[PDB]
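# Understanding the architecture of this molecule
Here is what each chain is made of, one letter per residue.
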Amino acid sequence: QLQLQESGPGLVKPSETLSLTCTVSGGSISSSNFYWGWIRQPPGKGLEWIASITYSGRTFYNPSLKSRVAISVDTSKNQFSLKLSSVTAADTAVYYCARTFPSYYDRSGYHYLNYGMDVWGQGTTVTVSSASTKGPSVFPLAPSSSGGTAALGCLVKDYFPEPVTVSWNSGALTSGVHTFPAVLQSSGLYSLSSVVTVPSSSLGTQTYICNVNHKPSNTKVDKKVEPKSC
Amino acid sequence: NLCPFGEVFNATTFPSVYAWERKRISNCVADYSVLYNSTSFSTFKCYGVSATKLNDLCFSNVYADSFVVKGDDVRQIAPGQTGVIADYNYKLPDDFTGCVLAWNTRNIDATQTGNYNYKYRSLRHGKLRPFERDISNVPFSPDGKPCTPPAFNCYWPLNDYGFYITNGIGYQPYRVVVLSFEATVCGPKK
Amino acid sequence: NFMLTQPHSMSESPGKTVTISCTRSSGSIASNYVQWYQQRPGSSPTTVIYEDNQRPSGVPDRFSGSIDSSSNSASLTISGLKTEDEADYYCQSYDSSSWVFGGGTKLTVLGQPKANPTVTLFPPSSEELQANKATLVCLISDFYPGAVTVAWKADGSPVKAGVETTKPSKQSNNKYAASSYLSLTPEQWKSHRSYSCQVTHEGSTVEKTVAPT
Ligand SMILES: *[C@@H]1O[C@H](CO)[C@@H](O[C@@H]2O[C@H](CO)[C@@H](O)[C@H](O)[C@H]2NC(C)=O)[C@H](O)[C@H]1NC(C)=O
C-alpha cells in the first residue's frame, strides 16, 4: 500500500529544464533501505533508467544522462523530484517514479543496492514540443436510434499535449465506459472520444455528464450529454 | 554474561507466524562468526548494517524474532513486501536495521504423515502495523457481516501449513529468525 | 556496460509454456540480479520476477524466472498462459555504470476469438455546428484481429481527405479499439443526405450511416 504518484508539467519547451516531482504515499522518503528513482519510456520504444537517490544523498545516474540530470529530495513534503536539463525532442516520454527493493548486505557483506524497481507509479506524460498548450473543445455526442441499450459520448476536439482524462458522472459510471485513444491529427493536435453504453430506457430520467480533465491547461469541463429531436 | 543466540536458533519447537515469539537479548556479548559462516542459511540478508561488520559494533539491544513459514513465503520477510505473511502476520518496518535469516528445516519440521502444527493467518480485518501481532483466533467475520450469529459467515482467520517431507520447496518448512537491532550488546574484535 | 537483447515478439498458444530468452552481451549473466516487469498496454509496468527468480505477492504461480548461463542468458517462463498475459516484458540488469533494460518482448497468445467490430457512428452535434465546425466520429470497439480499414462516404461516392483515423490499440478486455474522425465544415454535413462509415475487418464490412435534421 505504498503508492507512487507523479506530478508533471506536460510540456517542457525545447532545450529548457523538465520540472518533475513524485508524491510518495505509504511510507517514509527518509527510509534508508529504499532507493527512489525514475524510469522513462519514450512512446513505442522501450524502458530506460535515469537516476536514483536515497536520503543518504548518495546518487547513481545513467552516465549517458549524468551531465543533464539532477535528482533531489524534499522530505518535509515527502517527495523526490527530477531536473532534466538541456532537453532534445527525443526526450519525449512517460516518466515513472519508482521505489527499489530494499538495500541489503548479504552473507559476505556485499551490499546489493539500487537494483530493480518495486512499486511503480502511474506515470505522467512529458511532451517535448515547440508550440504551446491548447485546451480541448468538448462537445456532447448525443444518442438517437441505440441498439437496445443506448450509447452516448464526449468528443474531445483539438488539444496539445496528451493526456486528457475523461471520467463519467464524476466516477459513478464505470460499467459501459470505454474511452478511446486519441488520434494524431494533420495539425499537431489530438482528438479522442469517450463512449458509455447506457440503458436505452433511462435517457429522460438519468443525468449523464462526461468530465474531461486536461491537466496541461487546467481545463476541467463537466459537459452534460442529453438526447436529440430527430 | 553471554548472549543467547543458539538458544533461539537450535530450539526443537518454534512458533507459528500467527503467534511468533520474541526473546530480548541484553547485557551480554554477542558473537557473529556463527552467523557469518553458517552455510545452511538459504536466505540471510542484513538491511542497513553489514553482517561482516557486526563484529565491530555496539547496539542498545538485540531482539530475536522467530517463527516457521513455508519456503515459498520466506521472501515476505523483507522491508516493504505485501501478502498475508507481511500484511497480517510479520510486517517488517521500512526503517529496519537488522538481519533476516532462514534455513531449510524439511528434515526436522516435516513428517511423511502430515505436520499441521505450524500456522498462518491468511484473513484479517485491517492490515498489520510493524512489530505487532494478533494471537487471537476470534473467528473472522467478512468485515461487517458478523460471525457467531448462527454460523452464517466467518471464514476462520488462521489456516495451517500441511508440511511434508515429500513436497518440493514451495511447501517445505523454513525456520525464519529475524535479529533486529536498536549500549549493552556488542561484539568481539570490537 | 552491456546490452540486453530480448526477442521483440513471441507467440505461443494458450496453456503450453513460453520462455523469453533475454541475452546479456558482454559481462557474465548472474553477476547481477535480473528483474522482469510486465507492462500491459495503456498501463504502468508491474514487477513480476525479482532477484533472478523470486515472485512478488499477487503474481501467479506459473510465472517462474531462471538464468540460462550457457548462452549467458536470462529466462522468464510462464506455464498455463491465459489471455491475461498479452503484455510487453522487460528484463533489466546492471553493472558498475548503470542499469540496462531489455528491449521488450511482446507476448501475444494466438488462439483467441475472431471478433468482427461493433461500430457506433456519431453525427456532429448542435453545440459543434454553432462553433462552425463538424467532426463525425466512427467508434470501432471490441474487435479481433487488430487491423481494420475504415472507409468513408459522401452520399454514394467516397471521401479521400479529411479522414483522421487512429491506429488500433489493444483494449484491456484484450480485444481492440480504434476511432476514426472526419473533420468538415457545417455546410458539407448539411448538403448530403447520408455520410457512412464503412469498417472492413476480415472481408466483413460493418457499415453505419446518419442524416441531417
Ligand atoms: C546450532 O547447532 C549446531 C549443531 O547442532 C551448531 O553447529 C556447531 O557449531 C560449532 C561452532 O564453532 C562448530 O565448531 C561445530 O562443528 C558445529 N557442529 C555441527 C554438528 O554442525 C551451530 O553452531 C548452532 N547454531 C547457533 C547459531 O548457535
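Okay, the site of the ligand next. All names here are of chain B. Close to the ligand lie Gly6, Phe9 and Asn10. One of the side-chain nitrogen or oxygen atoms of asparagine 10 is found 2.3 Å away from an oxygen atom of the ligand. In the complex, the protein chains occlude 28% of the 580 Å² of accessible area that the ligand would expose alone.

A separate point is the pattern of salt bridges. Residue and element names in this part refer to chain B. According to the stated counting rule, one finds 18 salt bridges over all chains in the structure shown. Between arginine 22 and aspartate 65 there is a salt bridge, with its nearest N and O atoms 2.7 Å apart. On the criterion of sequence distance, the pair formed by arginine 22 in strand β1 (residues 21-25) and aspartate 65 in strand β5 (residues 62-70) is long-range, its members being 43 residues apart. Note that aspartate 109 is salt-bridged to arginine 175, the shortest N-O span being 3.0 Å.

Quick look at the state of the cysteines now. Residues and elements named next belong to chain B. Per the stated rule, a full pass over the model turns up eight disulfides over all chains. Note on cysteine connectivity: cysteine 3 is disulfide-linked to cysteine 28, with sulfurs 2.0 Å apart. With the S-S bond torsion at 80°, the cross-link from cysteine 3 to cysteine 28 turns out right-handed. With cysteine 3 in the segment before α1 (6-9) and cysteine 28 in strand β2 (residues 28-29), this pair connects stretches of sequence that are 25 residues apart. Of the two residues examined, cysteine 3 and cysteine 28, each falls in the buried class. Across the disulfide, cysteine 46 is cross-linked to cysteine 99 (sulfur-sulfur distance 2.0 Å).

Turning next to the interface of chain A and chain B. With 16 residues of chain A at the contact, the number on the chain B side is 20 residues. Both sides together, the interface formed by chain A and chain B hides about 1,500 Å², and carbon and sulfur atoms give 50% of it. The largest per-residue losses of area from chain A upon contact with chain B belong to A:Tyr104, A:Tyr105 and A:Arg107, which jointly make up 44% of the total buried on that side. At the boundary of chain A with chain B, the tally comes to zero salt bridges. Put simply, chain A and chain B have seven residue pairs in polar contact between them. Class assignment of the residues belonging to the side of chain A that touches chain B gives a composition of four nonpolar, eight polar and four charged.

Another aspect to go through is the interface of chain C and chain A. Chain C puts 43 residues into the contact, and the matching count from chain A is 47 residues. With both sides pooled, the region where chain C packs onto chain A buries about 3,500 Å², and carbon together with sulfur makes up 61% of that total. The interface formed by chain C and chain A holds one salt bridge in total. C:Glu127 is the partner of A:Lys223 in a salt bridge, and the nearest nitrogen-oxygen pair spans 2.7 Å. For the pair chain C and chain A, the number of links is 22 residue pairs in polar contact.

An order of β11(A)-β10(A)-β3(B)-β6(B)-β9(B)-β5(B)-β1(B) is seen for the seven strands of this open sheet, with the pairing classed as antiparallel. Strands with a single pairing partner mark the edges of an open sheet, and in this sheet they are β11 (111-112) of chain A together with β1 of chain B. As defined by bridge partners, β1(B) adjoins β5(B) across five bridges and the pair is classed as antiparallel. By the bridge assignment for β5(B), B:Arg24 is matched with B:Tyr63.

Here we take up the domain arrangement of chain C. All names here are of chain C. Looking at chain C, the domain boundaries give domain 1 (4-109) and domain 2 (118-210). For the domain 1 and domain 2 pair, buried surface summed over both sides reaches about 350 Å², with 30% attributable to carbon and sulfur atoms. The largest share of the area that domain 1 buries against domain 2 comes from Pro41, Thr83 and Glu86, three residues that together contribute 83% of it. Our enumeration of links across domain 1 and domain 2 arrives at one salt bridge. Put simply, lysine 170 and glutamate 86 hold a salt bridge, and the shortest N to O gap is 3.0 Å. Counting every contact that joins domain 1 to domain 2 gives four residue pairs in polar contact. Tallied by class, residues from the side of domain 1 that touches domain 2 come to two nonpolar, one polar and one charged.

Let us look at the pairing of strand β9 (residues 93-99) of chain A. All names here are of chain A. The element β9 is extensively covered by neighbouring structure, given that six of its seven residues are classed as buried. One ladder, built from six bridges, connects strand β4 (residues 36-41) with β9; its direction is antiparallel. Note that in β9 the partner of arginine 40 across the bridge is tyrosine 95. Where β9 lies against strand β12 (residues 124-128), three bridges are found, and the strand directions are antiparallel. Bridge pairing in β12 places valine 94 opposite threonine 125.

What counts and what doesn't
Residues numbered from 1 in each chain as written, not as in the entry; some residues may be left out. Chains lettered and ligands numbered in written order. Heavy atoms only, no water. Near = heavy atom within 4 Å. Polar contact = N/O pair within 3.5 Å; in protein donor to acceptor, adjacent residues only side chain to side chain. Areas by Shrake-Rupley, 256 points an atom, 1.4 Å probe, with all protein chains shown as cover. Salt bridge = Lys/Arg side-chain N within 4 Å of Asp/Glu carboxyl O. Helix = DSSP H or I, 4+ residues; strand = E, 2+ residues; numbered from the N terminus. Disulfide = S-S within 2.5 Å. Buried < 20%, exposed > 50% of the residue type's maximum accessible area, 1.4 Å probe, protein only. Contact = heavy atoms within 4.5 Å. Buried area = accessible area lost by both parts, 1.4 Å probe. Nonpolar A, V, L, I, M, F, W, Y, C, P; charged D, E, K, R; others polar. Pairing = 2+ DSSP bridges. Domains from an automatic or database assignment.

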